[PDB]
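File shown: coords11.cif (mmCIF, N, CA, C and O atoms and all ligand atoms).
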```cif
data_start
#
loop_
_atom_site.label_atom_id
_atom_site.label_comp_id
_atom_site.auth_asym_id
_atom_site.auth_seq_id
_atom_site.Cartn_x
_atom_site.Cartn_y
_atom_site.Cartn_z
N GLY A 1 15.83 -0.91 -1.80
CA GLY A 1 14.48 -1.10 -1.26
C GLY A 1 13.58 -1.78 -2.28
O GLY A 1 14.07 -2.31 -3.28
N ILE A 2 12.29 -1.73 -2.06
CA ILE A 2 11.37 -2.49 -2.87
C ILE A 2 11.36 -2.03 -4.34
O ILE A 2 11.18 -2.84 -5.23
N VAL A 3 11.53 -0.76 -4.58
CA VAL A 3 11.52 -0.28 -5.93
C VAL A 3 12.71 -0.85 -6.72
O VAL A 3 12.55 -1.32 -7.86
N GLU A 4 13.86 -0.89 -6.09
CA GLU A 4 15.05 -1.46 -6.72
C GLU A 4 14.87 -2.91 -7.01
O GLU A 4 15.31 -3.40 -8.07
N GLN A 5 14.23 -3.63 -6.10
CA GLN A 5 14.12 -5.09 -6.23
C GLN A 5 12.97 -5.53 -7.15
O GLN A 5 13.01 -6.64 -7.69
N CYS A 6 11.90 -4.71 -7.23
CA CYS A 6 10.67 -5.19 -7.85
C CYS A 6 10.21 -4.37 -9.05
O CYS A 6 9.41 -4.86 -9.83
N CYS A 7 10.67 -3.09 -9.13
CA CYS A 7 10.32 -2.21 -10.21
C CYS A 7 11.47 -2.13 -11.23
O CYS A 7 11.27 -2.43 -12.38
N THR A 8 12.68 -1.74 -10.77
CA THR A 8 13.82 -1.57 -11.60
C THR A 8 14.41 -2.96 -12.02
O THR A 8 15.05 -3.10 -13.05
N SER A 9 14.19 -3.95 -11.20
CA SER A 9 14.57 -5.35 -11.47
C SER A 9 13.25 -6.22 -11.34
O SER A 9 12.23 -5.70 -10.90
N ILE A 10 13.30 -7.49 -11.69
CA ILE A 10 12.14 -8.34 -11.67
C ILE A 10 11.83 -8.74 -10.22
O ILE A 10 12.69 -9.16 -9.49
N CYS A 11 10.58 -8.53 -9.81
CA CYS A 11 10.15 -8.83 -8.48
C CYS A 11 10.10 -10.34 -8.22
O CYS A 11 10.24 -11.13 -9.14
N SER A 12 9.90 -10.70 -6.96
CA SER A 12 9.70 -12.09 -6.55
C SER A 12 8.77 -12.12 -5.38
O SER A 12 8.65 -11.14 -4.64
N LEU A 13 8.19 -13.27 -5.15
CA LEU A 13 7.30 -13.42 -4.00
C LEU A 13 8.07 -13.30 -2.73
O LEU A 13 7.64 -12.69 -1.75
N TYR A 14 9.28 -13.89 -2.75
CA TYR A 14 10.10 -13.86 -1.71
C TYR A 14 10.35 -12.39 -1.22
O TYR A 14 10.24 -12.08 -0.04
N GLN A 15 10.67 -11.50 -2.17
CA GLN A 15 10.93 -10.09 -1.88
C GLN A 15 9.67 -9.36 -1.39
O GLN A 15 9.70 -8.59 -0.43
N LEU A 16 8.57 -9.60 -2.09
CA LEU A 16 7.30 -8.94 -1.71
C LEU A 16 6.95 -9.25 -0.30
O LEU A 16 6.52 -8.36 0.43
N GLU A 17 7.05 -10.53 0.08
CA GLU A 17 6.61 -10.90 1.41
C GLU A 17 7.44 -10.27 2.52
O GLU A 17 6.93 -10.10 3.64
N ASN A 18 8.63 -9.85 2.20
CA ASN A 18 9.45 -9.11 3.17
C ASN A 18 8.86 -7.77 3.55
O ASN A 18 9.28 -7.21 4.54
N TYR A 19 7.89 -7.27 2.78
CA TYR A 19 7.24 -6.02 3.08
C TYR A 19 5.83 -6.17 3.65
O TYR A 19 5.18 -5.18 3.95
N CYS A 20 5.37 -7.40 3.86
CA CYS A 20 4.15 -7.63 4.61
C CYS A 20 4.41 -7.39 6.09
O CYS A 20 5.52 -7.60 6.58
N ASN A 21 3.38 -6.91 6.80
CA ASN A 21 3.51 -6.70 8.24
C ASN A 21 3.59 -8.00 8.97
O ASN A 21 3.09 -9.02 8.50
N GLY B 1 -8.49 1.48 13.43
CA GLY B 1 -7.42 1.64 12.43
C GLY B 1 -7.99 2.22 11.14
O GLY B 1 -9.13 2.69 11.11
N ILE B 2 -7.23 2.12 10.08
CA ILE B 2 -7.60 2.78 8.84
C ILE B 2 -8.90 2.22 8.24
O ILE B 2 -9.66 2.96 7.64
N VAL B 3 -9.13 0.95 8.38
CA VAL B 3 -10.32 0.37 7.83
C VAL B 3 -11.57 0.94 8.52
O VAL B 3 -12.55 1.32 7.86
N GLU B 4 -11.50 1.07 9.82
CA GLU B 4 -12.61 1.65 10.59
C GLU B 4 -12.86 3.07 10.20
O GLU B 4 -14.02 3.50 10.11
N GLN B 5 -11.79 3.81 9.97
CA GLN B 5 -11.93 5.26 9.71
C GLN B 5 -12.28 5.59 8.25
O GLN B 5 -12.83 6.65 7.97
N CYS B 6 -11.85 4.71 7.30
CA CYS B 6 -11.90 5.09 5.89
C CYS B 6 -12.75 4.17 5.02
O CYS B 6 -13.13 4.57 3.93
N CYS B 7 -12.97 2.91 5.49
CA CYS B 7 -13.75 1.95 4.77
C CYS B 7 -15.16 1.84 5.39
O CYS B 7 -16.13 2.06 4.69
N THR B 8 -15.25 1.54 6.70
CA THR B 8 -16.48 1.36 7.39
C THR B 8 -17.18 2.75 7.64
O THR B 8 -18.38 2.84 7.76
N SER B 9 -16.38 3.78 7.72
CA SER B 9 -16.85 5.17 7.85
C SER B 9 -16.21 5.99 6.66
O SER B 9 -15.35 5.46 5.96
N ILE B 10 -16.60 7.24 6.47
CA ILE B 10 -16.11 8.03 5.37
C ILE B 10 -14.69 8.52 5.68
O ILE B 10 -14.43 9.02 6.74
N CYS B 11 -13.78 8.28 4.74
CA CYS B 11 -12.41 8.65 4.90
C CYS B 11 -12.22 10.17 4.87
O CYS B 11 -13.14 10.90 4.55
N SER B 12 -11.01 10.61 5.20
CA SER B 12 -10.62 12.02 5.10
C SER B 12 -9.16 12.09 4.75
O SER B 12 -8.40 11.16 5.04
N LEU B 13 -8.75 13.23 4.25
CA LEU B 13 -7.34 13.42 3.93
C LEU B 13 -6.53 13.42 5.18
O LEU B 13 -5.43 12.87 5.25
N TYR B 14 -7.09 14.05 6.22
CA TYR B 14 -6.50 14.14 7.41
C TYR B 14 -6.11 12.72 7.94
O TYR B 14 -4.99 12.49 8.37
N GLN B 15 -7.06 11.78 7.88
CA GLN B 15 -6.85 10.41 8.34
C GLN B 15 -5.83 9.66 7.47
O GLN B 15 -4.95 8.96 7.96
N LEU B 16 -6.00 9.80 6.16
CA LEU B 16 -5.08 9.12 5.23
C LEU B 16 -3.68 9.50 5.49
O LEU B 16 -2.79 8.65 5.48
N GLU B 17 -3.43 10.81 5.65
CA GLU B 17 -2.05 11.25 5.80
C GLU B 17 -1.39 10.73 7.07
O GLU B 17 -0.15 10.63 7.10
N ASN B 18 -2.17 10.35 8.03
CA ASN B 18 -1.62 9.71 9.24
C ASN B 18 -0.96 8.38 8.96
O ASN B 18 -0.23 7.91 9.80
N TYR B 19 -1.21 7.79 7.79
CA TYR B 19 -0.61 6.53 7.42
C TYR B 19 0.50 6.66 6.38
O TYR B 19 1.09 5.67 6.00
N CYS B 20 0.83 7.88 5.97
CA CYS B 20 2.03 8.10 5.18
C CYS B 20 3.26 7.98 6.06
O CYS B 20 3.22 8.27 7.26
N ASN B 21 4.36 7.51 5.47
CA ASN B 21 5.62 7.40 6.22
C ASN B 21 6.18 8.76 6.51
O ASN B 21 5.93 9.72 5.79
N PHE C 1 -11.38 12.29 -4.38
CA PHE C 1 -11.33 10.78 -4.25
C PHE C 1 -11.29 10.34 -2.80
O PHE C 1 -11.45 9.15 -2.53
N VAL C 2 -10.82 11.22 -1.90
CA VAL C 2 -10.60 10.81 -0.48
C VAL C 2 -11.79 10.86 0.47
O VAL C 2 -11.79 10.16 1.40
N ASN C 3 -12.78 11.68 0.18
CA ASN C 3 -13.90 11.87 1.15
C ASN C 3 -15.06 10.98 0.84
O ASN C 3 -16.15 11.44 0.45
N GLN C 4 -14.78 9.69 0.88
CA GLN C 4 -15.76 8.70 0.56
C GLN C 4 -15.38 7.41 1.33
O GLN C 4 -14.32 7.36 1.96
N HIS C 5 -16.21 6.39 1.25
CA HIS C 5 -15.81 5.09 1.75
C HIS C 5 -14.83 4.48 0.78
O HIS C 5 -15.09 4.40 -0.42
N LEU C 6 -13.70 4.05 1.32
CA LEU C 6 -12.59 3.48 0.53
C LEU C 6 -12.18 2.18 1.18
O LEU C 6 -11.73 2.16 2.30
N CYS C 7 -12.38 1.06 0.43
CA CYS C 7 -12.11 -0.25 0.97
C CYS C 7 -11.19 -1.04 0.06
O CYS C 7 -11.21 -0.87 -1.18
N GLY C 8 -10.41 -1.85 0.67
CA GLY C 8 -9.55 -2.79 -0.08
C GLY C 8 -8.64 -2.11 -1.01
O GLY C 8 -7.94 -1.17 -0.63
N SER C 9 -8.59 -2.54 -2.28
CA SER C 9 -7.66 -1.95 -3.23
C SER C 9 -7.92 -0.47 -3.42
O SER C 9 -7.02 0.27 -3.79
N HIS C 10 -9.16 -0.05 -3.21
CA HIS C 10 -9.51 1.33 -3.38
C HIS C 10 -8.80 2.22 -2.32
O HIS C 10 -8.44 3.36 -2.58
N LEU C 11 -8.69 1.69 -1.13
CA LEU C 11 -8.04 2.38 -0.03
C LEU C 11 -6.55 2.43 -0.25
O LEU C 11 -5.91 3.48 -0.05
N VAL C 12 -5.94 1.32 -0.66
CA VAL C 12 -4.55 1.25 -0.98
C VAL C 12 -4.15 2.30 -2.08
O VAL C 12 -3.13 2.97 -2.04
N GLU C 13 -5.02 2.36 -3.09
CA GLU C 13 -4.83 3.29 -4.17
C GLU C 13 -4.84 4.74 -3.67
O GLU C 13 -4.01 5.56 -4.06
N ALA C 14 -5.77 5.05 -2.79
CA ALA C 14 -5.84 6.41 -2.23
C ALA C 14 -4.58 6.74 -1.42
O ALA C 14 -4.04 7.84 -1.52
N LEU C 15 -4.13 5.80 -0.60
CA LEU C 15 -2.87 5.97 0.12
C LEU C 15 -1.72 6.23 -0.82
O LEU C 15 -0.87 7.12 -0.58
N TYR C 16 -1.63 5.42 -1.86
CA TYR C 16 -0.57 5.59 -2.82
C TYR C 16 -0.56 6.99 -3.43
O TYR C 16 0.48 7.63 -3.52
N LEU C 17 -1.75 7.46 -3.85
CA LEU C 17 -1.84 8.77 -4.48
C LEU C 17 -1.54 9.92 -3.50
O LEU C 17 -0.88 10.86 -3.86
N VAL C 18 -2.07 9.83 -2.33
CA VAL C 18 -1.89 10.91 -1.33
C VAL C 18 -0.48 10.96 -0.81
O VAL C 18 0.08 12.04 -0.64
N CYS C 19 0.09 9.80 -0.53
CA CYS C 19 1.35 9.78 0.19
C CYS C 19 2.57 10.01 -0.74
O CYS C 19 3.61 10.42 -0.29
N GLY C 20 2.41 9.71 -2.00
CA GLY C 20 3.44 9.94 -2.96
C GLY C 20 4.79 9.30 -2.58
O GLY C 20 4.83 8.17 -2.10
N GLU C 21 5.85 10.06 -2.71
CA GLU C 21 7.19 9.52 -2.56
C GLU C 21 7.50 9.10 -1.07
O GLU C 21 8.39 8.35 -0.82
N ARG C 22 6.66 9.57 -0.13
CA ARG C 22 6.78 9.15 1.24
C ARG C 22 6.49 7.61 1.40
O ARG C 22 7.03 6.96 2.31
N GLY C 23 5.61 7.11 0.62
CA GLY C 23 5.04 5.84 0.88
C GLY C 23 4.16 5.81 2.13
O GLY C 23 3.81 6.86 2.70
N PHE C 24 3.74 4.62 2.50
CA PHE C 24 2.70 4.47 3.48
C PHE C 24 2.73 3.11 4.11
O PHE C 24 3.44 2.18 3.63
N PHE C 25 1.93 2.93 5.16
CA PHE C 25 1.65 1.67 5.70
C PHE C 25 0.15 1.34 5.76
O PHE C 25 -0.67 2.19 6.02
N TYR C 26 -0.17 0.11 5.39
CA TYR C 26 -1.51 -0.37 5.30
C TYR C 26 -1.65 -1.54 6.27
O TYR C 26 -1.07 -2.58 6.09
N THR C 27 -2.36 -1.29 7.38
CA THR C 27 -2.41 -2.21 8.49
C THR C 27 -3.84 -2.34 8.88
O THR C 27 -4.39 -1.41 9.51
N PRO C 28 -4.60 -3.22 7.98
CA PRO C 28 -6.04 -3.26 8.00
C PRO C 28 -6.56 -3.75 9.36
O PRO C 28 -7.81 -4.05 9.48
N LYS C 29 -5.71 -4.62 10.08
CA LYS C 29 -6.25 -5.34 11.30
C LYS C 29 -6.06 -4.52 12.52
O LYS C 29 -5.82 -5.07 13.62
N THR C 30 -6.22 -3.18 12.39
CA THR C 30 -6.00 -2.27 13.53
C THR C 30 -7.30 -1.59 13.97
O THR C 30 -8.28 -2.28 14.40
N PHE D 1 1.50 -13.05 -11.27
CA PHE D 1 1.53 -11.54 -11.28
C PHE D 1 2.80 -10.99 -10.66
O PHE D 1 3.06 -9.80 -10.76
N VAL D 2 3.45 -11.79 -9.78
CA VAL D 2 4.61 -11.28 -9.00
C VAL D 2 5.98 -11.31 -9.67
O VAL D 2 6.79 -10.55 -9.32
N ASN D 3 6.19 -12.19 -10.63
CA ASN D 3 7.55 -12.36 -11.21
C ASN D 3 7.74 -11.54 -12.45
O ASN D 3 7.87 -12.08 -13.56
N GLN D 4 7.59 -10.25 -12.27
CA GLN D 4 7.69 -9.32 -13.36
C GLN D 4 8.16 -7.97 -12.78
O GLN D 4 8.26 -7.83 -11.55
N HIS D 5 8.39 -6.99 -13.63
CA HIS D 5 8.61 -5.64 -13.15
C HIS D 5 7.29 -5.06 -12.72
O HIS D 5 6.32 -5.08 -13.47
N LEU D 6 7.27 -4.55 -11.50
CA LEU D 6 6.06 -3.98 -10.88
C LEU D 6 6.41 -2.62 -10.32
O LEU D 6 7.22 -2.50 -9.44
N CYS D 7 5.78 -1.57 -10.89
CA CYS D 7 6.08 -0.21 -10.52
C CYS D 7 4.84 0.55 -10.13
O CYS D 7 3.73 0.29 -10.67
N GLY D 8 5.01 1.44 -9.22
CA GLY D 8 3.92 2.36 -8.84
C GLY D 8 2.72 1.65 -8.36
O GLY D 8 2.80 0.77 -7.50
N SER D 9 1.54 1.99 -8.89
CA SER D 9 0.31 1.38 -8.42
C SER D 9 0.31 -0.11 -8.64
O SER D 9 -0.37 -0.85 -7.93
N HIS D 10 1.05 -0.58 -9.64
CA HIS D 10 1.11 -1.98 -9.93
C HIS D 10 1.80 -2.76 -8.77
O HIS D 10 1.46 -3.90 -8.47
N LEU D 11 2.80 -2.15 -8.20
CA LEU D 11 3.54 -2.73 -7.10
C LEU D 11 2.71 -2.73 -5.84
O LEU D 11 2.66 -3.73 -5.11
N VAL D 12 2.03 -1.62 -5.54
CA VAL D 12 1.13 -1.52 -4.43
C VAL D 12 0.02 -2.62 -4.47
O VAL D 12 -0.35 -3.24 -3.48
N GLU D 13 -0.51 -2.79 -5.68
CA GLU D 13 -1.53 -3.78 -5.90
C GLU D 13 -1.01 -5.19 -5.60
O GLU D 13 -1.69 -6.00 -4.96
N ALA D 14 0.20 -5.48 -6.04
CA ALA D 14 0.79 -6.80 -5.77
C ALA D 14 0.99 -7.01 -4.26
O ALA D 14 0.72 -8.10 -3.75
N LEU D 15 1.50 -6.00 -3.57
CA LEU D 15 1.60 -6.07 -2.12
C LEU D 15 0.28 -6.34 -1.47
O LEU D 15 0.16 -7.17 -0.54
N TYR D 16 -0.73 -5.61 -1.88
CA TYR D 16 -2.05 -5.79 -1.33
C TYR D 16 -2.54 -7.23 -1.49
O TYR D 16 -3.04 -7.83 -0.55
N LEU D 17 -2.39 -7.78 -2.70
CA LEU D 17 -2.86 -9.13 -2.97
C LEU D 17 -2.05 -10.19 -2.20
O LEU D 17 -2.62 -11.13 -1.69
N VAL D 18 -0.77 -10.05 -2.17
CA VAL D 18 0.10 -11.05 -1.51
C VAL D 18 -0.04 -11.00 -0.02
O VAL D 18 -0.08 -12.04 0.64
N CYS D 19 -0.09 -9.80 0.53
CA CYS D 19 0.02 -9.67 1.98
C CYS D 19 -1.33 -9.92 2.69
O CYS D 19 -1.36 -10.25 3.86
N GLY D 20 -2.41 -9.71 2.00
CA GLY D 20 -3.72 -9.96 2.52
C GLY D 20 -3.98 -9.24 3.86
O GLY D 20 -3.62 -8.07 4.03
N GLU D 21 -4.52 -9.96 4.82
CA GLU D 21 -4.99 -9.35 6.05
C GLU D 21 -3.80 -8.81 6.93
O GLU D 21 -3.99 -8.01 7.79
N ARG D 22 -2.56 -9.25 6.61
CA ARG D 22 -1.40 -8.73 7.27
C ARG D 22 -1.20 -7.20 6.98
O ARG D 22 -0.64 -6.46 7.81
N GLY D 23 -1.54 -6.79 5.82
CA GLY D 23 -1.12 -5.54 5.33
C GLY D 23 0.38 -5.46 5.06
O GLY D 23 1.10 -6.48 5.07
N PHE D 24 0.85 -4.27 4.76
CA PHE D 24 2.17 -4.10 4.24
C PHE D 24 2.67 -2.69 4.43
O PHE D 24 1.88 -1.77 4.80
N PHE D 25 3.95 -2.48 4.15
CA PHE D 25 4.50 -1.20 4.05
C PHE D 25 5.19 -0.93 2.69
O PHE D 25 5.81 -1.79 2.12
N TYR D 26 4.93 0.26 2.16
CA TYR D 26 5.41 0.67 0.88
C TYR D 26 6.30 1.90 1.09
O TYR D 26 5.83 2.95 1.46
N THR D 27 7.61 1.70 0.94
CA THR D 27 8.60 2.69 1.31
C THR D 27 9.56 2.78 0.18
O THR D 27 10.40 1.88 0.01
N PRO D 28 9.03 3.56 -0.95
CA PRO D 28 9.67 3.54 -2.25
C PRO D 28 11.10 4.10 -2.17
O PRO D 28 11.73 4.35 -3.26
N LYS D 29 11.34 5.06 -1.16
CA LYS D 29 12.64 5.83 -1.18
C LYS D 29 13.70 5.11 -0.42
O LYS D 29 14.57 5.75 0.22
N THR D 30 13.71 3.76 -0.53
CA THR D 30 14.69 2.94 0.22
C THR D 30 15.66 2.23 -0.72
O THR D 30 16.44 2.91 -1.46
NA NA E 1 5.47 0.42 8.66
#
```

Go ahead and express the file in the form of structure tokens.
Ligand code: NA
Amino acid sequence: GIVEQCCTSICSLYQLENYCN
Amino acid sequence: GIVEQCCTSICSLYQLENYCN
Amino acid sequence: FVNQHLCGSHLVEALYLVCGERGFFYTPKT
Amino acid sequence: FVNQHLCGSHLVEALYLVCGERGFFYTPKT
């Protein structure tokens, strides 16, 4: 999930935007 | 929605918790 | 912190603190 | 601000800024 992708590893815009409504 | 209940009017715990997963 | 007007990042922050490990949804256009 | 490690409130803040009027969901236990 987001924590694995953005906290434990380096985040990306690409990943963040997957969690926008 | 949440903005109406918590930003434009005074928020509550009760209201906030309705938006927890 | 919760019984006040909470807007923008302030509201997000309150959700984060209250909801904890549950997480939350922020859907301002509702 | 986005191409870094972002945890906790820092991650929530990034979501808030990126997603704007769309809003977002924060579901840390996934
Ligand atoms: Na959601």

Could you list, as a ChimeraX atom specification, all the residues within 10 Å of ligand NA 1 (chain E), counting only C-alpha atoms and all ligand atoms? /A:19-21 /B:19-21 /C:23-27 /D:23-27

Atomic separation - atom N of residue A:17 relative to atom O of residue B:18, Å: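 Rounded to one decimal, the two atoms are 22.1 Å apart.
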
Which residues are close to residue A:5, i.e. within 8 Å by only N, CA, C and O atoms, leaving aside same-chain residues fewer than 3 positions away? Reply as a ChimeraX atom specification. /A:1-2,8-12,15-16 /D:2,4-6

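Pairwise distance (atom N of residue A:7, atom CA of residue C:7) equals 25.1 Å.
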
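Separating atom C of residue A:3 from atom C of residue B:14 is a distance of 27.4 Å.
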
I'd like to know which of D:8, D:30, D:21, D:1 is closest to chain A, using only N, CA, C and O atoms.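 Result for the nearest residue to chain A: D:30.
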
Could chain B be written out with N, CA and C atoms, as a CSV table (one decimal), in the first residue's frame, please?
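Below you can see selection02.csv, which holds the result:
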```csv
chain,number,residue,atom,x,y,z
B,1,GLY,N,-20.8,17.5,3.1
B,1,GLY,CA,-19.7,16.6,3.4
B,1,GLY,C,-18.8,17.2,4.5
B,2,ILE,N,-17.6,16.7,4.6
B,2,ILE,CA,-16.8,17.0,5.7
B,2,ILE,C,-16.4,18.5,5.8
B,3,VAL,N,-16.3,19.2,4.7
B,3,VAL,CA,-15.9,20.6,4.7
B,3,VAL,C,-17.1,21.4,5.3
B,4,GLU,N,-18.3,21.0,4.9
B,4,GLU,CA,-19.5,21.7,5.4
B,4,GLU,C,-19.6,21.5,6.9
B,5,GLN,N,-19.3,20.3,7.4
B,5,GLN,CA,-19.5,20.0,8.8
B,5,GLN,C,-18.4,20.5,9.7
B,6,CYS,N,-17.1,20.5,9.2
B,6,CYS,CA,-16.0,20.7,10.0
B,6,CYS,C,-15.2,22.0,9.8
B,7,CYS,N,-15.3,22.5,8.5
B,7,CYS,CA,-14.6,23.7,8.1
B,7,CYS,C,-15.5,25.0,8.2
B,8,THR,N,-16.7,24.9,7.5
B,8,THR,CA,-17.6,26.0,7.4
B,8,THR,C,-18.4,26.1,8.7
B,9,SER,N,-18.6,25.0,9.4
B,9,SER,CA,-19.2,24.9,10.7
B,9,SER,C,-18.2,24.2,11.7
B,10,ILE,N,-18.5,24.2,13.0
B,10,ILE,CA,-17.6,23.7,14.0
B,10,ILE,C,-17.6,22.1,13.9
B,11,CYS,N,-16.4,21.5,13.8
B,11,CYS,CA,-16.2,20.1,13.7
B,11,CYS,C,-16.6,19.4,15.0
B,12,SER,N,-16.7,18.1,15.0
B,12,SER,CA,-16.8,17.3,16.1
B,12,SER,C,-16.1,16.0,15.9
B,13,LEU,N,-15.9,15.3,17.0
B,13,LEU,CA,-15.2,14.0,16.9
B,13,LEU,C,-16.1,13.0,16.3
B,14,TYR,N,-17.4,13.1,16.6
B,14,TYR,CA,-18.4,12.3,16.1
B,14,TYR,C,-18.3,12.3,14.5
B,15,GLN,N,-18.3,13.6,14.0
B,15,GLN,CA,-18.2,13.8,12.5
B,15,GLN,C,-16.9,13.3,11.9
B,16,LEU,N,-15.8,13.6,12.5
B,16,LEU,CA,-14.5,13.2,12.0
B,16,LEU,C,-14.5,11.7,11.9
B,17,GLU,N,-14.9,11.0,12.9
B,17,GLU,CA,-14.8,9.5,12.9
B,17,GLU,C,-15.6,8.9,11.8
B,18,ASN,N,-16.6,9.5,11.3
B,18,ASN,CA,-17.3,9.0,10.2
B,18,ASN,C,-16.5,9.0,8.9
B,19,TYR,N,-15.4,9.6,8.9
B,19,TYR,CA,-14.5,9.6,7.7
B,19,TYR,C,-13.3,8.7,7.9
B,20,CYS,N,-13.1,8.0,9.1
B,20,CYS,CA,-12.1,7.0,9.2
B,20,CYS,C,-12.5,5.8,8.5
B,21,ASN,N,-11.5,5.0,8.0
B,21,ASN,CA,-11.8,3.8,7.3
B,21,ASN,C,-12.3,2.7,8.2
```
